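What follows is each chain in one-letter form.
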Amino acid sequence: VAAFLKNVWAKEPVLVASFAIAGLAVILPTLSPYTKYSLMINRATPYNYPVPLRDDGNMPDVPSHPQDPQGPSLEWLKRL
Amino acid sequence: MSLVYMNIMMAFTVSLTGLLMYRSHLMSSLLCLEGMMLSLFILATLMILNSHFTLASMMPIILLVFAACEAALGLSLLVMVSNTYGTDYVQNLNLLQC
Amino acid sequence: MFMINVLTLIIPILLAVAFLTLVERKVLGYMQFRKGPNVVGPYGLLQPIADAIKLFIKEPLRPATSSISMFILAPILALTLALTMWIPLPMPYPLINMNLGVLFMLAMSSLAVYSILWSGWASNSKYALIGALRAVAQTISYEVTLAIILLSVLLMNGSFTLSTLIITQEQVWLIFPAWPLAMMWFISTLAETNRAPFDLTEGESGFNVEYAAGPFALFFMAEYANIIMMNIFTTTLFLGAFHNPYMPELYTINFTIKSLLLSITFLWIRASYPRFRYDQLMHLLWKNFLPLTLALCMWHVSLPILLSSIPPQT
Amino acid sequence: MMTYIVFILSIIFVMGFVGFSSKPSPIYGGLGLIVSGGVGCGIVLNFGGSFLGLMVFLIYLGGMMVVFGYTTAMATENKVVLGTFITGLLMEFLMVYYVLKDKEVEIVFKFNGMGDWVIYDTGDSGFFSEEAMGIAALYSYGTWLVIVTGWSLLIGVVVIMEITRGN
Amino acid sequence: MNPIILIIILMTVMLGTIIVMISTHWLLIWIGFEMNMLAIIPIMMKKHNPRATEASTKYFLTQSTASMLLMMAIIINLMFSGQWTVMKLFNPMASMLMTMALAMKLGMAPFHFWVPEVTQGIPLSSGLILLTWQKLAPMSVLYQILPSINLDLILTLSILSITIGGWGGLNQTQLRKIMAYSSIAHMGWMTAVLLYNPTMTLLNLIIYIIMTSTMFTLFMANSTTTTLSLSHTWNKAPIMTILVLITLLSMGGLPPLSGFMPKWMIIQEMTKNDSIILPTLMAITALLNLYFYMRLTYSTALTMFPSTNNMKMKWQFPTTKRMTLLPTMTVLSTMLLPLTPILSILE
Amino acid sequence: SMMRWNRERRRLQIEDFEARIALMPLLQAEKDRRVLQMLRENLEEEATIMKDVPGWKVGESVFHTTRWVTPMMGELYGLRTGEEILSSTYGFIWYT
Amino acid sequence: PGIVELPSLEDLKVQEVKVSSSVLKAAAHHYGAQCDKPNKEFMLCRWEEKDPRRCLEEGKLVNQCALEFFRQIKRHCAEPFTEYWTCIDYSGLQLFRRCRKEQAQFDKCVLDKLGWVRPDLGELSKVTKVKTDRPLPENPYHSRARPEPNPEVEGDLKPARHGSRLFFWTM
Amino acid sequence: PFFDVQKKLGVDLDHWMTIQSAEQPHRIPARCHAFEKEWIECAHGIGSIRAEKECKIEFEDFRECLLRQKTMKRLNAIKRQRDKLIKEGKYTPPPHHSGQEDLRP
Ligand SMILES: CCCCCCCCCCCCCCCCCC(=O)OC[C@H](COP(=O)([O-])OC[C@H](O)COP(=O)([O-])OC[C@H](COC(=O)CCCCCCCCCCCCCCCCC)OC(=O)CCCCCCCCCCCCCCCCC)OC(=O)CCCCCCCCCCCCCCCCC
Ligand SMILES: CCCCCCCCCCCCCCCCCC(=O)OC[C@H](COP(=O)([O-])OCC[N+](C)(C)C)OC(=O)CCCCCCCCCCCCCCCCC
Ligand SMILES: CCCCCCCCCCCCCCCCCC(=O)OC[C@H](COP(=O)(O)OCCN)OC(=O)CCCCCCCCCCCCCCCCC
Ligand SMILES: CCCCCCCCCCCCCCCCCC(=O)OC[C@H](COP(=O)(O)OCCN)OC(=O)CCCCCCCCCCCCCCCCC
Ligand SMILES: CCCCCCCCCCCCCCCCCC(=O)OC[C@H](COP(=O)(O)OCCN)OC(=O)CCCCCCCCCCCCCCCCC
Ligand SMILES: C=C(C)[C@H]1Cc2c(ccc3c2O[C@@H]2COc4cc(OC)c(OC)cc4[C@@H]2C3=O)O1
Ligand SMILES: C=C(C)[C@H]1Cc2c(ccc3c2O[C@H]2COc4cc(OC)c(OC)cc4[C@@H]2C3=O)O1
């Protein structure tokens, strides 16, 4: 497992670097803890208007103002 | 309807009649075929951009890619004819009449 | 007022290309333990002027051409494409500020092979046509790695905008996270412009040996109008300078110095090595640059996702 | 005159196809198709399809017609041509005279004769090109499309290497 | 050709047909036809001789022109409907262009002029693929757009295909051209009953595929491409002459064989719809292809022939050729008429 | 360094988009009054032009529905000069 | 069909916010903070009615509350706001990031003289709820009656009466 | 044949690019989103034969949103009568349609 690897690193180091970088690019997003935050930032980016809801009477988790404490927050992004 | 669509379809029909009955170089037939593809690209692009139908914006690229691959395939056939007769004259392609 | 901006773009391009010949001959002279031109002007400064006037009053061939019209269209397309590559270049502000300037420059540089192909058509010499086909296959080979390296870097840019690429490198040069891309990019731009060790138009007779001094001076200068541009493009792409919006000439002096050093680096490469054999640079592209470029394209796809560093879309 | 510029390009586009479907040679046929690709690309760019216009320049002209001119160089070293050219040109200019004197025409479909600046939309799209985000959707919404296209291109490589071998 | 690469390319042919069969979006229909053409081009160039290159170039040009007309039809559908569902079309111009394009992909008249040539230039297995598997996808698209198909166009194409497939095979001594004009005639028989009952179209398609598969499998088993080499079969293997006898009698439509099954049902589904003259002259023309089948088996299959001395060497060796499904396909191509109400499984 | 700076740039992009969002109701109100202004002006000029034509209903909807349809470009800028037409139809496309 | 109803020109007259885009962009965070309620009543009415003719008066309230937003800047903090939107106005992309000290002066003077807290990262993009008194549109698309669906299949499945009934096949 | 593998396996291969009313990136509406939605909700489940005759008005509204033939015909009529009254001289353009009024917002 190290004789063939040293042999291909002595003969074809271009392809060894190629397969190694490709293998890292495949497997490493499944091991990184920051891959969750990529998804989280790309859904926190407001391309559209936050269309308001008609207050039916019972929506406690919806704020009545942007500065209200309920709703989604981005303190995880301001800290990181 | 739109007036530019008439010109793009007329271009398509011009290159379609250029493909059909001339009996000339094979490369000229492939050029007429890719002119047909070009007019299809322009027409699909103007319709999809006109209607603001966002998910079909990737459609003409698909229409490009496949057909350009198709074009590559045609050239290889031509090259095999160009490795058989020395020319791409389509009247050399008459072995299979009998 | 916009026409004044177009002229102050394109006339100093031709002047810089003219004096690049002097810089080439002088820097190649001192690296070869000799001098370059110092007789014709003071310190050789009138050598490109005398050379351009000398070429413009030689007799052209006007040979038996397979096409007269493409013999005319090859210098016109060469100069027109060589001048239109400069119009989205942000230094620090571009002439044409477009959202897709990178893809524009990629497409227009892909259009430059028709000059080589039509110049091989227009000469009746079949060996000049062979050399033109080898030059075209060289250029379309290295356009592949240009496209993929450029895509991998624009995955860190966030857009196809060339002026965004200044905002991208406000903290660090983009040669630090992308130096393998930068070195394959630099050698690939060297192979785009038919520049040594990748030139195959001086020895085994090139595609433009049919042209003599009327169109040739134009072809040549269009060719060097690409070279500076590519280095300027490399300067925008991997060596992004500081931009103060209240003093834009800080960026203009900084990128100008870096682009001069990179064009001199082209001159210093061609004076240091022998040429490739033709299949050796085909071996260099298809078997050495292309697997690494695909691997690093996978790495620069997955890397901003795994570091939570996806750049902004706008 | 500037309001009809898309229309003007379209006329050249039609002319460009009659430029090469008359077929004096695959050389000049390729030249006419390259000029036609440029002007139809200008048509595409004038509706806001900037990425699709640069796909015409990068892939159709810069990628594929290069290979057509290359094969025309390497493999392929009047009256009918000029007659078909002037015939198609007379047909197209009589169509232009009809649709400009009438502002209405019917060859196959019914076509308006005003400019196509009227048929646009008056809104905005915020901080993105809609066409750019629709092409970006190829990787998020277009999974099966990417699969079949990549398999077709891999098969295309395999098929070219099969039939060009001759063994 | 490398057998792994051959498996991959045949799976790509099958995959393109499957993508045309299952997809709801017209672009994926077009993609499946592009995939199918791009994959089938090496199957025709398996032996690498100039006749196969001519045949593949002609097939490429016809299927490429058909694919461009198909995409123009899809694009006019997008103009006049703003959508992409593979269902009925929303413009008679798109209907005409897509019917023309599918007629070019099937090889129906007046676009029949490649089917006898291409089938002649390619081997028997690739001709089997061309005349059986390449019919499945355009018949599926015609099956799904039949609310928009113009009746006069589809019947003109159908009867023109039946007449040209009838009067084109009378002159033929090559077996592949006989199968190709038989293909054109059977596609006319499938598309004339399409707007009346599409289940009988599917019945004709399956019975045709069985009989054509039987004929090409017997051709590969005997290595005969001409009439005269087919006549030299009784002195080598006598049962193979019996099987090409019964299968060619079935393809013309003799009772009580199974190839009488579809077209009789087709006549049975055209008189319900008060069309009497059209299936009458349609089967009049089918009597001409049955008639040259009866010359091509009476004069040159039954009554035994002058042989050659080298055939007496070939008596000492049995057939090691893999005659895959040949007895099953021969039983199904002849003895299936008592199970004629099996057609309801295709509803 | 590119990690820290692209995270900073995403925060700055969210700030720009929220400035846009906060301005969007005022822009929506002005845009609504803009298009109703242009339609009312075109309606009055149609009422003073289209009296010679018999059988003409001024302001007649071409749609069978009674739902509000977003005004087309040639509906709004149909009776104005070619400079404003060219601006509103190719300004963003032709801008630099 | 019918005549499309349009409001008169007096129904469209309101005092316009005649300030530049860099002026609007400079005060945009405090605008979204302080002018929340009429803007959200308008955008709720605008996505619900799907018709701008039914959204004029709420829009006027927007143009009533925006002007009172700027007058309240002009009475108190005209000079730091002017120094701030001038710096916003210099930039071709109108960067907030080039203008942080002028932003700090404007935010300081606004918090001192008006008590306004600038919204944080992630607040103005929230989906908020709006309490209005106007009724819910029962048919915002003006859709007519949908066609009645075809009758579904019911009844237990019996065998075929004497089989296929195909000419002589008794099964 | 239409072997509906996508519904049998419950997978979404290509239903998403099929209509303009489907889920778009960033909630971008098409220009005829409402018309196509109305026509699709009319013609749903009733079959194509009943849809061609019972959903004619929605389909005409949607086709006229797509092509704008009636709107361009009306603009042609108004612009042609306006050109005739300009040539005769019985009409003059107002200052808000000649470009002399410094637009509203
Ligand atoms: C408690 C639980 C357990 C109880 C167990 C009870 C049973 C114990 C015994 C087990 C064995 C049972 C056998 C099957 C049941 C009886 C079948 C029967 O007689 O059907 C009468 C059937 C009609 O008579 P039926 O009075 O209406 O029905 C009386 C029964 O109730 C018949 O029933 P059905 O009324 O329901 O009939 C239904 C319907 C009745 O039919 C109809 O409604 C009319 C449609 C019939 C088809 C017409 C096609 C005409 C064009 C094609 C002609 C082909 C060429 C002729 C043959 C050449 C050689 C292949 O059938 C069909 O449509 C199916 C097609 C005919 C299949 C007949 C069975 C064949 C099995 C053996 C095959 C060997 C070759 C036979 C002849 C092949 C030609 C048919 O007769 C015919 O159609 C004529 C053919 C002769 C019948 C086959 C006799 C089977 C045994 C043959 C032994 C000798 C073999 C010699 C070597 C091979 C030949 C070279
Ligand atoms: C843009 C600014 C400037 C950029 C730098 C360029 C300036 C200096 C230029 C010097 C003169 C060059 C003249 C042209 C030379 C052309 C010939 C040449 O060099 O060919 C290239 C040669 C080709 O090989 P070769 O020609 O030497 O050998 C023959 C080939 N074999 C061996 C197959 C027989 O090398 C390359 O292709 C390398 C390209 C860059 C590689 C980048 C590697 C990145 C490292 C990743 C990590 C690796 C560690 C292991 C894994 C770790 C994982 C965590
Ligand atoms: C799973 C990860 C992702 C994999 C997919 C992505 C790959 C990215 C790079 C793309 C490369 C494309 C072309 C690759 C061709 C490979 C086959 C090959 O080159 O074989 C021939 C070669 C002998 O060379 P020869 O035939 O003589 O060619 C002329 C040069 N002398 O023989 C060789 O060079 C031997 C090659 C095999 C041994 C390479 C081992 C590299 C190990 C690196 C560390 C581990 C990486 C993890 C993944 C495992 C990779 C094996
Ligand atoms: C033998 C024939 C002669 C050969 C020599 C001469 C031709 C070759 C050299 C010239 C090549 C011309 C290329 C012109 C188009 C380049 C692509 C392009 O325009 O991209 C830039 C830009 C896209 O970016 P974006 O920011 O989205 O646009 C502004 C929107 N905010 O888009 C824009 O900014 C859009 C601006 C409006 C539309 C521009 C259309 C230009 C004219 C059409 C092409 C004319 C040339 C035709 C021939 C091409 C080559 C064959
Ligand atoms: C509603 C529609 C849904 C779908 C329904 C199903 C449709 C089925 C259509 C079947 C089409 C089959 C086409 C041929 C088989 C495909 C692969 C192939 O070509 O195999 C032949 C193979 C080639 O091997 P090779 O070495 O190249 O041979 C040259 C000779 N030295 O090997 C040989 O040449 C060996 C010789 C014998 C080959 C006989 C193959 C018979 C295949 C057809 C079986 C009958 C059809 C299936 C049942 C009816 C379905 C409708
Ligand atoms: C553009 C202007 C102003 C003039 C100057 C000029 C030309 C045209 C062509 C050339 C040129 O300058 C130099 C001259 O000398 C060498 C000598 C070389 O090698 C000794 C060499 O090798 C590539 C290249 C060259 C240039 C060359 O070709 O027009
Ligand atoms: C040469 C070909 C293609 C055909 C035509 C033909 C044969 C073989 C044999 C004969 C034949 O012609 C027929 C003509 O008329 C009847 C009519 C008959 O019955 C109606 C009848 O019954 C056995 C027999 C006959 C001839 C007969 O023996 O092969």
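Please refer to the structure higher up on the page.
A few points on the structure.

What counts, and at which threshold
- Residues numbered from 1 in each chain as written, not as in the entry; some residues may be left out.
- Chains lettered and ligands numbered in written order.
- Part of a larger assembly, values for the part shown.
- Heavy atoms only, no water.
- Near = heavy atom within 4 Å.
- Areas by Shrake-Rupley, 256 points an atom, 1.4 Å probe, with all protein chains shown as cover.
- Nonpolar A, V, L, I, M, F, W, Y, C, P; charged D, E, K, R; others polar.
- Polar contact = N/O pair within 3.5 Å; in protein donor to acceptor, adjacent residues only side chain to side chain.
- Salt bridge = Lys/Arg side-chain N within 4 Å of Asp/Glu carboxyl O.
- Buried < 20%, exposed > 50% of the residue type's maximum accessible area, 1.4 Å probe, protein only.
- Contact = heavy atoms within 4.5 Å.
- Buried area = accessible area lost by both parts, 1.4 Å probe.
- Helix = DSSP H or I, 4+ residues; strand = E, 2+ residues; numbered from the N terminus.
- 1 Å grid on protein atoms, 1.4 Å probe; cavity = no way out; pocket = protein on both sides within 12 Å on 5 of 7 lines; lining within 4 Å.
- Points joined across faces, edges and corners; volume = space filled by probe spheres on them.
- Axes fitted to C-alpha atoms, helices over the stretch in contact; angles between N-to-C directions.
- Parallel < 35°, antiparallel > 145°, perpendicular 65-115°, else oblique.
- Left-handed = near helix turned anticlockwise from the far one by under 90°.
- Disulfide = S-S within 2.5 Å.
- Patch = residues over 30% accessible without salt bridge, like charges linked within 9 Å, V, L, I, M, F, W, Y side chains within 5 Å.

Right, let's get into the site of ligand 7. Residues and elements named next belong to chain E. Taken together, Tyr291, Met294, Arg295 and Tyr298 make up the full set of residues adjacent to ligand 7. Alone, ligand 7 offers 590 Å² of accessible surface; in the complex the protein occludes 24% of this. Tallied by class, the residues present in the shell around ligand 7 amount to three nonpolar, no polar and one charged.

Close to ligand 1 lie E:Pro256, E:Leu337, E:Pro338, G:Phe168, G:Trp169, G:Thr170 and G:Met171. Neighbouring residues of ligand 1 are not confined to a single chain but are spread across chains E and G. In the model, an oxygen atom of ligand 1 is placed 3.1 Å from a nitrogen or oxygen of the G:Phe168 main chain. One of the side-chain N or O atoms of G:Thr170 is found 3.0 Å from an oxygen atom in ligand 1. Contact with the protein chains hides 18% of the accessible area of ligand 1, taken as 1700 Å² for the molecule alone.

A few words now on the pattern of salt bridges. Using the criterion set out here, one finds 41 salt bridges over all chains in the structure. A salt bridge links C:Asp279 to C:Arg277; the nearest nitrogen and oxygen atoms lie 2.9 Å apart. In this structure C:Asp279 comes out as partly exposed when scored by relative accessible area, which is 45%. Overall, the relative accessible area of 51% leaves C:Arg277 in the exposed class. Between G:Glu68 and G:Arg75 there is a salt bridge, with its nearest N and O atoms 3.4 Å apart. For G:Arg75, a relative accessible area of 53% puts it in the exposed group. Bridged by salt links that share partners, the residues A:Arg54, G:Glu48, G:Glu49 and G:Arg134 form one connected network.

Ranking by contact count across 19 pairs of chains in contact places chains B and D at the top. In this structure chain B stays clear of chain C, and the shortest span between their C-alpha atoms is 15 Å.

Next up on the list: the interface of chain B and chain D. Listed per partner, the contact involves 58 residues of chain B and 72 residues of chain D. Of the roughly 5500 Å² buried where chain B meets chain D, counting both sides, 82% is carbon and sulfur surface. For the pair chain B and chain D, the number of links is zero salt bridges. Applying the counting criterion to the chain B and chain D interface returns six residue pairs in polar contact. Taken together, the elements giving at least two residues each to the side of chain B that touches chain D come down to α1 (3-20), α2 (26-51) and α3 (59-82) of chain B. Class assignment of the residues belonging to the side of chain B that touches chain D gives a composition of 40 nonpolar, 16 polar and two charged.

Let's shift gears to empty space enclosed by the protein. Looking at the largest cavity, its volume works out to about 350 Å³. Taken together, 24 residues line the largest cavity, and the ones lying closest to its centre are C:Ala112, C:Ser115, C:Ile116, C:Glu223 and C:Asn226. Taken together, the elements giving at least two residues each to the lining of the largest cavity come down to α3 (68-84), α4 (101-110), α5 (113-122), α6 (126-157) and α9 (216-238) of chain C. With six residues, α9(C) is the single largest residue contributor to the lining of the largest cavity. Split by residue class, the lining of the largest cavity holds 15 nonpolar, seven polar and two charged. Each pocket or cavity is described by its volume, and for the second largest cavity that value is around 250 Å³. Surrounding the second largest cavity, 18 residues form its lining, B:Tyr5, B:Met47, B:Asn50, B:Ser51 and H:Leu66 being those nearest its centre.

Once that is clear, we can look at the packing of helix α10 (residues 198-222) of chain E against helix α12 (residues 238-252) of chain E. Residue and element names in this part refer to chain E. Relative orientation of the contacting elements α10 and α12 amounts to 155 degrees, with a least axis distance of 10 Å. Taken together, the axes of α10 and α12 lie roughly antiparallel to each other. Crossing of α10 against α12: the hand is left-handed. Contacts from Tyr208, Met211, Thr212, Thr214, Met215, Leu218 and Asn222 in α10 reach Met240, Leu243, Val244, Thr247, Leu248, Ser250 and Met251 in α12.

Quick look at the state of the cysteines now. By the definition in use, this model includes two disulfides over all chains. Between the sulfur atoms of H:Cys32 and its disulfide partner H:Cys65 the distance amounts to 2.0 Å. The sign of the S-S torsion, about -95 degrees, decides the handedness of the disulfide formed by H:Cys32 and H:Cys65: left-handed. With a gap of 33 residues between them, H:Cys32 in the loop between α1 (5-8) and α2 (33-43) and H:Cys65 in helix α4 (residues 56-67) connect regions that are remote in the sequence. Residue classification places H:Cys32 among the buried residues on the basis of a relative accessible area of 4%. At a sulfur-sulfur separation of 2.0 Å, the disulfide partner of H:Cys42 is H:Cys55. Since a negative S-S torsion denotes a left-handed disulfide, the H:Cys42-H:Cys55 link at about -90 degrees is left-handed. Residue H:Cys42 is located in helix α2, and its partner H:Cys55 is located in the loop between α3 (47-54) and α4; the two are separated by 13 residues in the primary sequence. Neither residue differs from the other here; H:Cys42 and H:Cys55 are each classed as buried. Note on G:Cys55: no disulfide assigned, nearest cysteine sulfur contributed by G:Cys45 at a separation of 3.6 Å.

Turning our eyes to something else, we now look at a nonpolar patch on the surface. All names here are of chain C. Taken together, the side chains of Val39, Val40, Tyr43, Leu45, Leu46, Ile49, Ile53, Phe56 and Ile57 define a hydrophobic patch exposed on the protein surface, amounting to about 950 Å² of accessible area. Positionally, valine 40 belongs in the loop between α1 (2-31) and α2 (47-56). For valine 40, a relative accessible area of 45% gives the class partly exposed.

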